[PDB]
file protein_17.csv (CSV, C-alpha atoms)
chain,number,residue,atom,x,y,z
A,1,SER,CA,13.0,-10.4,20.7
A,2,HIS,CA,9.6,-9.0,19.7
A,3,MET,CA,10.9,-5.8,18.2
A,4,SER,CA,13.8,-7.6,16.5
A,5,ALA,CA,11.5,-10.0,14.7
A,6,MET,CA,9.9,-7.1,12.9
A,7,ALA,CA,10.7,-6.2,9.4
A,8,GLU,CA,12.7,-3.0,8.9
A,9,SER,CA,10.9,0.3,8.5
A,10,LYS,CA,10.8,1.7,4.9
A,11,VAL,CA,10.0,5.2,6.1
A,12,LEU,CA,13.2,7.2,6.2
A,13,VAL,CA,11.6,10.6,6.5
A,14,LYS,CA,7.9,11.1,7.0
A,15,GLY,CA,6.3,13.7,4.8
A,16,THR,CA,5.6,17.2,6.2
A,17,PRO,CA,4.7,20.5,4.6
A,18,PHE,CA,8.3,21.2,3.5
A,19,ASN,CA,9.2,17.8,2.3
A,20,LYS,CA,7.9,14.7,0.4
A,21,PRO,CA,8.4,11.4,2.2
A,22,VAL,CA,11.6,9.5,1.6
A,23,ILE,CA,11.0,5.8,1.3
A,24,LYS,CA,13.7,3.1,1.3
A,25,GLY,CA,13.9,1.3,-2.0
A,26,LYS,CA,12.6,2.4,-5.4
A,27,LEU,CA,9.2,2.6,-7.0
A,28,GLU,CA,10.5,0.5,-9.9
A,29,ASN,CA,10.8,-2.5,-7.6
A,30,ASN,CA,7.8,-1.7,-5.5
A,31,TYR,CA,10.1,-0.4,-2.7
A,32,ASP,CA,11.2,-4.0,-2.2
A,33,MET,CA,7.7,-5.2,-1.2
A,34,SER,CA,6.7,-8.7,-2.4
A,35,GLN,CA,3.5,-8.9,-4.6
A,36,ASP,CA,1.3,-10.0,-1.8
A,37,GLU,CA,2.2,-6.9,0.1
A,38,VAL,CA,1.6,-4.6,-2.9
A,39,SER,CA,-1.8,-6.3,-3.4
A,40,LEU,CA,-2.8,-5.7,0.2
A,41,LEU,CA,-1.6,-2.1,0.2
A,42,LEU,CA,-3.6,-1.3,-2.9
A,43,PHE,CA,-6.6,-3.1,-1.5
A,44,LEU,CA,-6.4,-0.8,1.6
A,45,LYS,CA,-6.0,2.3,-0.7
A,46,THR,CA,-9.0,1.2,-2.8
A,47,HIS,CA,-11.2,1.0,0.2
A,48,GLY,CA,-10.5,4.5,1.4
A,49,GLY,CA,-7.3,3.8,3.3
A,50,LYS,CA,-9.3,2.7,6.3
A,51,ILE,CA,-11.2,-0.7,6.8
A,52,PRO,CA,-12.3,-3.3,9.5
A,53,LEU,CA,-9.8,-6.2,10.0
A,54,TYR,CA,-12.5,-8.8,9.3
A,55,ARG,CA,-12.9,-7.4,5.7
A,56,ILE,CA,-9.2,-7.9,5.1
A,57,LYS,CA,-9.5,-11.6,6.2
A,58,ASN,CA,-12.6,-12.2,4.0
A,59,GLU,CA,-11.9,-10.2,0.9
A,60,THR,CA,-8.2,-10.2,-0.2
A,61,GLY,CA,-7.7,-13.7,-1.3
A,62,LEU,CA,-4.6,-14.1,0.9
A,63,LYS,CA,-3.8,-17.2,2.8
A,64,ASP,CA,-2.3,-15.3,5.7
A,65,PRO,CA,-3.6,-11.7,5.5
A,66,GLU,CA,-2.5,-10.9,9.0
A,67,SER,CA,1.1,-11.8,8.2
A,68,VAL,CA,1.1,-9.6,5.1
A,69,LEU,CA,-0.5,-6.8,7.1
A,70,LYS,CA,2.1,-7.1,9.9
A,71,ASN,CA,4.8,-6.5,7.3
A,72,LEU,CA,3.0,-3.4,6.0
A,73,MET,CA,2.8,-2.2,9.6
A,74,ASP,CA,6.5,-2.9,10.3
A,75,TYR,CA,7.4,-1.0,7.1
A,76,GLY,CA,5.5,2.1,8.4
A,77,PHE,CA,2.7,2.0,5.8
A,78,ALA,CA,-0.3,1.0,7.9
A,79,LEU,CA,-1.4,0.8,11.5
A,80,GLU,CA,-4.1,-0.4,13.8
A,81,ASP,CA,-6.8,1.9,15.1
A,82,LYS,CA,-8.4,-0.5,17.6
A,83,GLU,CA,-11.7,0.8,18.9
A,84,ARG,CA,-14.9,-0.3,20.6
A,85,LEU,CA,-16.3,-3.4,18.9
A,86,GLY,CA,-13.4,-4.3,16.6
A,87,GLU,CA,-10.1,-3.2,15.1
A,88,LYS,CA,-9.8,-0.8,12.1
A,89,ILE,CA,-6.8,-0.9,9.8
A,90,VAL,CA,-5.6,2.5,8.3
A,91,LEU,CA,-2.9,3.5,5.9
A,92,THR,CA,-0.4,6.0,7.3
A,93,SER,CA,0.4,9.1,5.2
A,94,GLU,CA,3.5,7.3,4.0
A,95,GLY,CA,1.4,4.2,3.0
A,96,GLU,CA,-1.0,6.4,1.1
A,97,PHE,CA,2.0,8.0,-0.7
A,98,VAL,CA,3.5,4.7,-1.7
A,99,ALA,CA,0.1,3.2,-2.7
A,100,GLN,CA,-0.7,6.2,-4.8
A,101,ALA,CA,2.8,6.2,-6.5
A,102,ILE,CA,2.3,2.5,-7.4
A,103,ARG,CA,-1.3,3.1,-8.6
A,104,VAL,CA,-0.2,6.0,-10.9
A,105,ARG,CA,2.8,4.0,-12.3
A,106,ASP,CA,0.4,1.1,-13.0
A,107,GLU,CA,-2.2,3.3,-14.6
A,108,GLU,CA,0.4,5.1,-16.8
A,109,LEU,CA,1.4,1.6,-18.1
A,110,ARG,CA,-2.3,0.7,-18.7
A,111,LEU,CA,-2.8,3.9,-20.7
A,112,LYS,CA,0.3,3.4,-22.7
A,113,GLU,CA,-0.8,-0.2,-23.6
A,114,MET,CA,-4.3,1.0,-24.4
A,115,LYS,CA,-3.0,3.6,-26.8
A,116,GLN,CA,-1.1,0.9,-28.7
A,117,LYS,CA,-4.2,-0.9,-29.8
A,118,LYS,CA,-5.6,1.8,-32.2
A,119,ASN,CA,-4.0,5.1,-33.0
A,120,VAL,CA,-6.0,8.0,-31.6
A,121,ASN,CA,-3.0,10.1,-30.8
A,122,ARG,CA,-4.0,13.7,-30.4

call {"tool": "encode", "arguments": {"input": "protein_17.csv", "output": "C-alpha coordinates"}}
result
Amino acid sequence: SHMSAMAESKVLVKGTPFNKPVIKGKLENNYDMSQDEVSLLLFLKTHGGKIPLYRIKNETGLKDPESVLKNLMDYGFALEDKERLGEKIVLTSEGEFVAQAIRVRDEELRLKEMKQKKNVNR
(Lines of atoms letter the chains of each structure in order from A and count residues from 1; the text may use other names and numbers.)
(Lines give C-alpha, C1' and ligand atoms only; values in the text may rest on other atoms or scores of the structure.)
Protein backbone atom coordinates (compact mmCIF):
# COMPACT_ATOMS: atom_id res chain seq x y z
CA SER A 1 0.00 0.00 0.00
CA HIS A 2 3.13 2.16 -0.11
CA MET A 3 3.22 2.49 -3.87
CA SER A 4 -0.54 2.99 -4.09
CA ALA A 5 -0.49 5.89 -1.62
CA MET A 6 1.75 7.79 -4.02
CA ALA A 7 0.47 10.50 -6.31
CA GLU A 8 0.34 9.67 -10.00
CA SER A 9 3.35 10.34 -12.23
CA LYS A 10 3.05 13.39 -14.47
CA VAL A 11 5.83 12.18 -16.73
CA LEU A 12 4.28 10.45 -19.78
CA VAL A 13 7.42 10.41 -21.87
CA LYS A 14 10.84 11.43 -20.58
CA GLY A 15 12.79 13.76 -22.83
CA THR A 16 15.52 12.34 -25.11
CA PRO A 17 17.50 13.71 -28.09
CA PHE A 18 14.63 13.03 -30.50
CA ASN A 19 11.69 14.20 -28.36
CA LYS A 20 10.68 16.87 -25.86
CA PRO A 21 9.17 15.48 -22.64
CA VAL A 22 5.42 14.95 -22.57
CA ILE A 23 3.90 16.00 -19.25
CA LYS A 24 0.36 15.19 -18.05
CA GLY A 25 -1.71 18.32 -17.65
CA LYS A 26 -1.14 21.74 -19.21
CA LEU A 27 1.21 24.64 -18.48
CA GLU A 28 -1.79 26.97 -18.25
CA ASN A 29 -2.89 25.17 -15.05
CA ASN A 30 0.64 24.45 -13.80
CA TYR A 31 0.27 20.80 -14.86
CA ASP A 32 -2.32 20.38 -12.11
CA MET A 33 0.14 21.12 -9.33
CA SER A 34 -1.09 23.11 -6.37
CA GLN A 35 0.64 26.45 -5.64
CA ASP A 36 2.74 25.06 -2.78
CA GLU A 37 4.17 22.49 -5.21
CA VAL A 38 4.91 25.11 -7.85
CA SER A 39 6.61 27.30 -5.23
CA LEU A 40 8.83 24.42 -4.13
CA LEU A 41 9.67 23.37 -7.70
CA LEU A 42 10.76 26.93 -8.55
CA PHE A 43 12.72 27.15 -5.29
CA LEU A 44 14.65 24.04 -6.36
CA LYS A 45 15.17 25.45 -9.86
CA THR A 46 16.37 28.79 -8.42
CA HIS A 47 18.99 26.99 -6.34
CA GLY A 48 20.59 25.14 -9.24
CA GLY A 49 18.20 22.20 -9.34
CA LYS A 50 20.22 20.55 -6.53
CA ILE A 51 20.18 21.32 -2.75
CA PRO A 52 20.49 19.76 0.78
CA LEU A 53 17.21 18.67 2.37
CA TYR A 54 17.83 20.81 5.45
CA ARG A 55 17.76 23.97 3.30
CA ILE A 56 14.31 23.01 2.01
CA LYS A 57 13.08 22.71 5.59
CA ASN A 58 14.57 26.00 6.66
CA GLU A 59 14.07 28.24 3.67
CA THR A 60 10.82 27.66 1.78
CA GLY A 61 8.20 28.93 4.19
CA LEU A 62 6.23 25.69 3.93
CA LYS A 63 4.53 24.07 6.91
CA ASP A 64 5.22 20.56 5.66
CA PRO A 65 8.04 20.81 3.06
CA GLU A 66 8.58 17.07 3.07
CA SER A 67 5.00 16.36 2.06
CA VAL A 68 5.20 18.88 -0.78
CA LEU A 69 8.54 17.41 -1.91
CA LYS A 70 7.15 13.84 -1.84
CA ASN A 71 4.46 14.94 -4.27
CA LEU A 72 7.11 16.39 -6.62
CA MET A 73 8.98 13.09 -6.37
CA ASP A 74 5.83 11.05 -7.06
CA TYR A 75 5.15 13.28 -10.12
CA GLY A 76 8.60 12.47 -11.49
CA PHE A 77 10.00 15.99 -11.08
CA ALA A 78 12.54 15.48 -8.32
CA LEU A 79 14.47 12.79 -6.56
CA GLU A 80 16.72 12.06 -3.61
CA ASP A 81 20.45 11.67 -4.06
CA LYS A 82 21.25 10.47 -0.52
CA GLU A 83 24.97 10.58 0.16
CA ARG A 84 27.54 10.50 2.95
CA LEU A 85 26.57 13.10 5.58
CA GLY A 86 23.07 14.05 4.40
CA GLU A 87 20.53 13.78 1.60
CA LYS A 88 20.57 15.99 -1.51
CA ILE A 89 17.39 16.83 -3.46
CA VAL A 90 17.73 17.21 -7.25
CA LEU A 91 15.34 18.04 -10.06
CA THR A 92 14.99 15.41 -12.77
CA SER A 93 15.32 16.53 -16.39
CA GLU A 94 11.50 16.57 -16.51
CA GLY A 95 11.30 18.69 -13.36
CA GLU A 96 13.82 21.15 -14.86
CA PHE A 97 11.72 21.25 -18.04
CA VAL A 98 8.50 22.01 -16.18
CA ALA A 99 10.15 24.50 -13.82
CA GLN A 100 11.67 26.38 -16.77
CA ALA A 101 8.36 26.40 -18.71
CA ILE A 102 6.60 27.92 -15.71
CA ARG A 103 9.42 30.43 -15.11
CA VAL A 104 9.29 31.58 -18.73
CA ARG A 105 5.49 31.88 -18.74
CA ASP A 106 5.68 33.90 -15.53
CA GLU A 107 8.42 36.17 -16.88
CA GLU A 108 6.55 36.79 -20.16
CA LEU A 109 3.64 38.00 -18.08
CA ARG A 110 5.91 40.21 -15.95
CA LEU A 111 7.41 41.77 -19.09
CA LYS A 112 3.98 42.37 -20.60
CA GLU A 113 2.81 44.11 -17.43
CA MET A 114 6.00 46.15 -17.20
CA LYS A 115 5.49 47.39 -20.78
CA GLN A 116 2.00 48.65 -19.93
CA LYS A 117 3.25 51.23 -17.40
CA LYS A 118 5.02 53.55 -19.88
CA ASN A 119 5.16 53.14 -23.68
CA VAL A 120 8.72 52.37 -24.78
CA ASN A 121 7.61 50.02 -27.57
CA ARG A 122 10.39 49.61 -30.14

call {"tool": "atom_distance", "arguments": {"input": "protein_17.csv", "atom1": "CA of residue 45 in chain A", "atom2": "CA of residue 93 in chain A"}}
result
11.0 Å

call {"tool": "closest_atom_pairs", "arguments": {"input": "protein_17.csv", "of": "range 1-79 of chain A", "to": "range 100-119 of chain A", "cutoff": "10 Å", "atoms": "all atoms listed in the file", "output": "CSV"}}
result
residue,atom,partner,partner_atom,distance
A:27,CA,A:102,CA,6.9
A:28,CA,A:105,CA,8.8
A:29,CA,A:102,CA,9.9
A:30,CA,A:102,CA,7.2
A:31,CA,A:102,CA,9.6
A:38,CA,A:102,CA,8.4
A:41,CA,A:102,CA,9.7
A:42,CA,A:103,CA,7.6
A:45,CA,A:100,CA,7.8
A:46,CA,A:103,CA,9.8

call {"tool": "write_last_selection", "arguments": {"input": "protein_17.csv", "atoms": "C-alpha atoms", "output": "tab-separated table (two decimals), in the coordinates of the input"}}
result
chain	number	residue	atom	x	y	z
A	27	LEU	CA	9.20	2.60	-7.00
A	28	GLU	CA	10.50	0.50	-9.90
A	29	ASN	CA	10.80	-2.50	-7.60
A	30	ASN	CA	7.80	-1.70	-5.50
A	31	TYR	CA	10.10	-0.40	-2.70
A	38	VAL	CA	1.60	-4.60	-2.90
A	41	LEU	CA	-1.60	-2.10	0.20
A	42	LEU	CA	-3.60	-1.30	-2.90
A	45	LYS	CA	-6.00	2.30	-0.70
A	46	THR	CA	-9.00	1.20	-2.80

call {"tool": "residues_near_point", "arguments": {"input": "protein_17.csv", "point": "(-1.9, -8.0, 4.6)", "cutoff": "12 Å", "atoms": "only C-alpha atoms", "output": "PyMOL selection string"}}
result
chain A and resi 33-44+53-75+77-79+89-91

call {"tool": "residues_around", "arguments": {"input": "protein_17.csv", "residues": "range 83-88 of chain A", "least_positions_apart": "6", "cutoff": "8 Å", "atoms": "all atoms listed in the file", "output": "mmCIF file with C-alpha atoms, in the frame of the given file"}}
result
data_model
loop_
_atom_site.group_PDB
_atom_site.id
_atom_site.type_symbol
_atom_site.label_atom_id
_atom_site.label_comp_id
_atom_site.auth_asym_id
_atom_site.auth_seq_id
_atom_site.Cartn_x
_atom_site.Cartn_y
_atom_site.Cartn_z
ATOM 1 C CA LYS A 50 -9.300 2.700 6.300
ATOM 2 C CA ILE A 51 -11.200 -0.700 6.800
ATOM 3 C CA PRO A 52 -12.300 -3.300 9.500
ATOM 4 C CA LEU A 53 -9.800 -6.200 10.000
#

call {"tool": "atom_distance", "arguments": {"input": "protein_17.csv", "atom1": "CA of residue 11 in chain A", "atom2": "CA of residue 94 in chain A"}}
result
7.1 Å

call {"tool": "atom_distance", "arguments": {"input": "protein_17.csv", "atom1": "CA of residue 96 in chain A", "atom2": "CA of residue 1 in chain A"}}
result
29.4 Å

call {"tool": "closest_residue", "arguments": {"input": "protein_17.csv", "among": "A:19, A:121, A:92, A:9", "to": "residue 49 in chain A", "atoms": "only C-alpha atoms"}}
result
A:92

call {"tool": "closest_residue", "arguments": {"input": "protein_17.csv", "among": "A:48, A:76, A:97, A:82", "to": "residue 10 in chain A", "atoms": "all atoms listed in the file"}}
result
A:76
